[PDB]
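One structure is given here, and the rest of the page talks about it.
With ideal geometry, Cβ positions are generated from the backbone for all residues, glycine too; neighbour counts draw on all protein chains shown. No lab work stands behind these numbers, since they all come straight from the coordinates.
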Amino acid sequence: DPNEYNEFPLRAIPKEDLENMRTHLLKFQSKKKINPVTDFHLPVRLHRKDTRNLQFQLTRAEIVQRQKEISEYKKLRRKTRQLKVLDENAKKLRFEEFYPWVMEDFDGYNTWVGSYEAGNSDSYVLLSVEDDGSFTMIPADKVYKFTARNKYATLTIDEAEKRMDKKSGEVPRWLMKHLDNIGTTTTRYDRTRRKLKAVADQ
Amino acid sequence: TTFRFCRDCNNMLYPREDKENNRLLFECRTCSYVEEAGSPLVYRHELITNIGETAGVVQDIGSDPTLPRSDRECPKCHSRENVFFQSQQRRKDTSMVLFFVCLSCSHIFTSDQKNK
Amino acid sequence: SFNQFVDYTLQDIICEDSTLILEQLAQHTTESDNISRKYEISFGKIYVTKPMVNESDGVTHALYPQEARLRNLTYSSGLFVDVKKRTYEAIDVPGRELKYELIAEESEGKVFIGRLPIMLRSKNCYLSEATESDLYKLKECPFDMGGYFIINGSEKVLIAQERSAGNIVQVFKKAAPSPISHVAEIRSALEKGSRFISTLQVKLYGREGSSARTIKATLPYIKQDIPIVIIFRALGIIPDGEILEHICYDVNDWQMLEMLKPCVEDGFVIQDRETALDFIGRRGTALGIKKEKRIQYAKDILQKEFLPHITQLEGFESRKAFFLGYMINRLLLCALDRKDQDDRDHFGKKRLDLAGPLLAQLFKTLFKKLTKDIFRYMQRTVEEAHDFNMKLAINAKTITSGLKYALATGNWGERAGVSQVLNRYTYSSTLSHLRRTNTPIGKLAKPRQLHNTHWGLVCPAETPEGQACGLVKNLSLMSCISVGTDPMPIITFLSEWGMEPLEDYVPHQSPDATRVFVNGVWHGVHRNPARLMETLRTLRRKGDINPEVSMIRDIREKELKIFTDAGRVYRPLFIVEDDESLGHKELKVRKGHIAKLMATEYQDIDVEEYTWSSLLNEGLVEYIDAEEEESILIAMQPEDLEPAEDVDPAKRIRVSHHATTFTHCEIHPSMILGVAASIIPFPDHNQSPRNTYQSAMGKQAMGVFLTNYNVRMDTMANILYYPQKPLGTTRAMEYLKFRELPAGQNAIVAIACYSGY
Amino acid sequence: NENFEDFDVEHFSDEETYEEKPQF
Amino acid sequence: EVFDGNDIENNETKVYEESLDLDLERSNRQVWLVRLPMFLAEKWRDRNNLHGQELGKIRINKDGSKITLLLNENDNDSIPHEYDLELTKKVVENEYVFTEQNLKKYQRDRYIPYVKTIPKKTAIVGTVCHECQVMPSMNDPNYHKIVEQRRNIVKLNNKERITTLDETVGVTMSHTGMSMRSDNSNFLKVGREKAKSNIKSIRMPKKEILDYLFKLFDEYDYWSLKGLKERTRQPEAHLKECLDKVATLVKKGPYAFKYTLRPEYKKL
Amino acid sequence: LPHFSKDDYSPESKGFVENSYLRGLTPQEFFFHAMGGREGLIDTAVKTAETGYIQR
Ligand SMILES: [Zn+2]
Ligand SMILES: [Zn+2]
């Protein structure tokens, strides 16, 4: 057979450097291109944290700002019970995915919360391109779909239940543009930026 | 009516009155996205409907064995063989006019003589 | 159905609740007794005996059905499960996670759990392997067909119960005074789980004249009808464009987007998944969840209760969201008058529970009660420090008495008339009773009329004249009921032959993709459904796919529905192929196959055995149910409607349909009739009420119901002295054994006004 | 007892129809 | 590795030697997301295989960017070795690969310093721009070996029929209900392991038992009948005759239903 | 019936029995006549029950 092409060899990953780490899949849900090397403020932080009661957590820049400022300031029992039998794998998956993956940049411009996808994660194999053109085969175990959260200044749910109620009339079409003009419950990026510019002016 | 969605957060746009130009501009309620309306029509409601009568026409509509075949003349390619069906909208007051699909060029032509 | 239940369903019911674990806590006041125990009783393989009976004195012997009828016994066989016992111990150190280990008390051990009544001539029955001389030795009539039980000496037949099919999206128009215009409801049901039925109703509020027409869905364990956009956001789909993409699959269908606009305007300020889950979490009917946990509670509602027939596991929110969008799409298609409302009397949307599924659910309930009793006794023994006896733990009388009571009485629980005493007036009466179905009647449909879809599946004229008219139906001669197969091999084959999964399905990039449904579950889309349908049809016609599986391609709405479940009524039909040698459509069965069939038949009264399954495996015949009957064109006769086209004036006028695109042919039209109507000579020359009256009164005739009536002590029995086979006879009654066990006499009859008497 | 398909109307039995329509 | 979230004490420096920042230097690597059939996913994901050995070669014909896989012969012989890598998307957007590695535990404006964040090492393995699917080639002689195997998928049954006991029914029913065979299993013999403990004691004299009661009261002021009985190994009748003289039970205090020393002897 | 093509409003498609009882019904005509007879029997039973109610 003539050699008019580039026959790059394919090799598998050894099993010795597969234990104690897992190679998941990252997927955004947006109409525009998302790039952590350009569109994200370095350093980026992706942790399996709780999404419960969001918009009340400060980002890593304000965390290290608070650390710096506090460093400156300081210096009959039931005998038997029923046990429902359950499979070990689904219990481990539920315990792992009780908290979702949340990735935020340094200033909180892009906060993405990932959701586990169980569709065809077992049939996904990643072919990574090496420096010499070779291909390395990686078994992908889990697929996560990430949706941007608190990007357009979303509102809380306690006020929303009032808006479902018929005690209030028709919901105005530009109600929370007025709230954005007021400056209450904005995105995490602006909330961190206000404190960042307040500390820097001192 | 051609519903349009925001290019940033993929939510649908709504018309806004502006006093600076007095033009029709579509505004996103979520991320304050502005774009210019390509048509002054913002809402349309039909009481009698002519779309959905040819619903279900696909590239292999002739593969259906239950569809009746006719020998009518296709006025695009002059083929005798074709399938036909009635109006697919299930209104009680719809007409019994036949729609014919040619199996050679996939052309829709009706048996309506009032329209023709 | 009974052989499927005994061979496979019993083990499934055992394995669904096999493990029973009781954790005994340490309950230690001091650290001397910091050990916790965990006792596990697990059921294994289930074994069934041959039919047997234990007497008073304890001697147990093989029971034959002749003895069970005479001695008023129950023709039953014992069930023995393998039980393994596990004892685990863990050092109860607070804070440290408990790690249990075996103490090597793994004692295991067949234990008797009850007596299953055995249907006669089933695989467990003694009469299945018996020859004709063996049946005569056992004083059993060889003309007796089985299909019934012997409960306390009474012959009990299980009437097939007709129900609506599960996991089907049905859209209905509500009344004008109701504030809801249309309701798309689904009775979501699962087979390999807890067998719980969940009703999900997606309702379009407001009438046609109203403007604020919103769509709200009734989630289980939620008191208020949640708007659909909030459910979509709670399923992880936040932006409004993706929700309308999941609901409306055509970007040019602007009217459906108009009718979706008040819905997205309704739940507008909810723009987060957590806020939507909170909104669902407000209306939880448990009313006992704290502040931080309702989210998880809402997720529980969206994982184990909202559409359970799709999945019960986590990470499958996309498929549930797509199916919700599909239901809203069907609802709005009915609301826009693009499609009519679903016919509730369509026989393809019905299922027939035979002796398999009825005994399956009864045994599931009884085994759940038995496992609860085992756990209660085990808890009592460990708490009150008594000794544990396995003979006291498993009360076999629970299973035995439950099956015996639900078969002796018509009551099916703890539905009446399910079990009936078998009619033994004539042979055709018994045959008609064994193929009888029942439809339980509080709906707004018309279940009493003979539907179009009843062709070839139930008899057009065989029904009682009373209050059960139209509700009690009798199967046609060739109609059969599918016993149900596993959909997982078909799902795997579809996924491995090009069906794109529903996770990565974008409707706008793939507008021509065909939705693929397996047992009412949307599993994905296919770009080239004609090739897929051809491959699936070839696999079914060569026997790789079970022939009971129904495969429907709806080309208009771009759907591919595959049904493998039980209860589907099908009938066999000839296969019509292209046949390029003759240049026109022709039946695949030829004169050589007919000659082979007659050679096998006359061998039965040395060459190769050519049977019905040989016709099935070669693709000459096919099984078609009422759903698949909607997408095919059937020729009535082969020699008239297949080949391309003076007449006898005495013959009836018959049209040839003027169309040659047939896919199937009727085997014979006379097989639309049931057992009782097949006795009628020239029923096409009768008025139809007269055929119904004769189908009723043929069961009241006198003949020889069985040839062993001399050794049967039936309560009432009527035997003619001199039965005669009819001079005018149908072909079909040759298979009804009417010329062997006749029910009348050929009387010389004058039609005359002789004396006024 | 018996099993007959000879439809014999139960007489003075209109309470079946009375229970069919108790709401007006 | 469970850990508290929103920690402003910088405790992660002491307990985690590895940095918590996401590694991004590998994000420039090109990753092909490939979907495999049942056999290639079965033999390309097992842990008893894949020791780093080469599994094939990738040929990219640049006339029409046609991608083929030429598998090595070391795996099987019945399977094909020539495959077509079809690309359903030449450019894949918003898809990356991130990996997670466990840490080393050894050596409005309103905020709450507790969010329950699990710290895990994260690193982007690369960027995905090609969604791939591997089809068996039409011209391979082993391609039918796949198809029949696929035809073997729908043909075999994963469930076996019930087992019928073919022996005499009396032998089967010998173990059922009324049987001479006493149970020899030791599962939940709670009465065996609890009724074997019997306490026997004598009428040991009054001075030594009152001294023993005083020793236990000096060790702890509050005791009960059962604990004192197992501590001193005396009969209940003899122990009760000595308790009421020098001690009393609490009827309404927080330490009720317990025998404690009398207030007259409490100061002693 | 599945033996007719879609949208067939011919008399033989929608239930016209051109044959007499002497000449015998075609199978489609047999089934349509069976539907008519079933409707007649249902109407007879319903009419008898409701008229007994009305008479009482
Ligand atoms: Zn926007
Ligand atoms: Zn044409």
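Suppose a student asked you for the relative contact order of region B:1-45, using Cα pairs under 8 Å spaced at least 6 residues apart; what percent would you report?
31
Determine the dipole magnitude for the protein assembly as shown: charges of +1 sit on the beta-carbon of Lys and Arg, -1 on that of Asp and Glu, nothing else is charged, the reference point is the Cα centre, and the result goes in debye to the nearest 20.
Details: 205 positive and 208 negative charges, 1284 e Å.
Dipole size: approximately 6160 debye.
Sort largest first and round to whole Å: the equivalent ellipsoid semi-axes of the protein assembly as shown, each the square root of five times a Cα gyration tensor eigenvalue.
61, 51, 33
So which of A:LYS75/E:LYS116; A:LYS49/C:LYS299; A:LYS145/C:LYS558 end up more than 21 Å apart by C-alpha?
With Cα atoms farther than 21 Å apart: A:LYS75/E:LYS116; A:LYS145/C:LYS558.
So what is the diffusion coefficient of region B:1-45 in µm² per second by Stokes-Einstein at 25 °C and 0.890 mPa s, using a Kirkwood Rh over Cα pairs?
Translational diffusion coefficient: 224 µm²/s.
Where does the charge balance sit around A:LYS15 when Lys and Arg score +1, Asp and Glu -1, over other residues with C-beta under 10 Å from its C-beta?
Local net charge: -3.
Where the centre of each part is set by its Cα atoms, how far does region C:620-662 sit from region A:1-38, in angstrom?
Each part reduced to its Cα centre gives a spacing of 59 Å.
Going toward the positive end of the dipole of the protein assembly as shown, with +1 on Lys and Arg Cβ and -1 on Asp and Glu Cβ, which of C:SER419, B:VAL101, C:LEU257 do you reach last?
Selected residue: C:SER419.
What is the Cα convex hull volume of region C:318-452 when expressed per residue in Å³?
215
Quick one: dipole size for region B:46-116, taken about the Cα centre, charges +1 on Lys/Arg Cβ and -1 on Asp/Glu Cβ, in debye to the nearest 20.
Numbers: 9 positive and 9 negative charges, 36 e Å.
That gives region B:46-116 a dipole magnitude of about 180 debye.
If contacts are Cα pairs under 8 angstrom and at least 6 residues apart, what is the relative contact order of region B:46-116 in percent? Please list the in-between numbers first.
Details: 97 pairs, mean separation 17.7, N = 71.
Relative contact order, region B:46-116: 25 percent.
Would you mind checking the radius of gyration and Dmax of chain F based on alpha-carbon positions, in Å?
Cα-based Rg and Dmax for chain F come out at 16.1, 50 Å.
Work out the mean other chain Cβ neighbour count within 10 Å for the residues of E:57-66 and drop it here as an integer.
The mean count of partner-chain Cβ atoms within 10 Å per residue comes to 4.
Roughly what would the spin-label model give for B:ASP71 and E:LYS43, points 7 Å off Cα along C-beta, in nm?
If labels sit at B:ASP71 and E:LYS43, their model points lie 5.9 nm apart.
Roughly speaking, what is the stretch gain from E:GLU167 to E:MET138, that is 0.36 nm per residue apart minus the C-alpha to C-alpha distance, in nm to one decimal?
5.0 nm
Need the C-alpha centroid separation for region C:49-93 versus region C:337-381, integer Å.
Value for the Cα centre distance between the two parts: 24 Å.
Within a 10 angstrom radius of each residue's Cβ in B:64-74, how many Cβ atoms of other chains show up on average? Whole number is fine.
On the way: counts 9, 13, 13, 8, 10, 5, 0, 0, 0, 0, 0.
The mean count of partner-chain Cβ atoms within 10 Å per residue comes to 5.
Can you find, among C:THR398, C:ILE301, C:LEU25, the residue sitting farthest towards the positive end of the charge dipole of chain C, where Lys and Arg contribute +1 and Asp and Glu -1 at Cβ?
Toward the positive end, the furthest listed residue is C:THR398.
Can you tell me the dipole magnitude for region E:71-147 around its Cα centre, using point charges on the Cβ only (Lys, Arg +1; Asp, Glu -1), in Debye to the nearest 20?
1120
Net charge near E:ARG110, counting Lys/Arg +1 and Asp/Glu -1 over other residues with Cβ under 14 Å of its Cβ?
+4
What residue among B:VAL57, B:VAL34, B:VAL97 has the largest mean-square fluctuation in a Gaussian network model of chain B, using Cα springs under 10 Å?
Most flexible of the set in this elastic network: B:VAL34.
So for chain E, what percent of the C-alpha to C-alpha distances run longer than 30 Å?
Numbers: 25171 of 35778 pairs.
That tail contains 70 percent of the Cα-Cα pairs.
Calculate I(q)/I(0) for chain C by the Debye formula, one identical point scatterer on each C-alpha and no solvent, and give its log10 at q = 0.05, 0.09 Å⁻¹ to two decimals.
-0.34, -1.04
In a shell of Cβ-Cβ distance under 10 Å around E:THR232, excluding E:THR232 itself, what net charge do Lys and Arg (+1) and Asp and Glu (-1) give?
+2
Using a Gaussian network model of chain B with C-alpha springs under 10 Å, which one of B:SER79, B:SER32, B:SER95 is most mobile by mean-square fluctuation?
Maximum fluctuation in the GNM of chain B, among the listed residues, is at B:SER32.
In nm², what is the average projected area of the convex hull enclosing the Cα atoms of region C:611-757?
15.7
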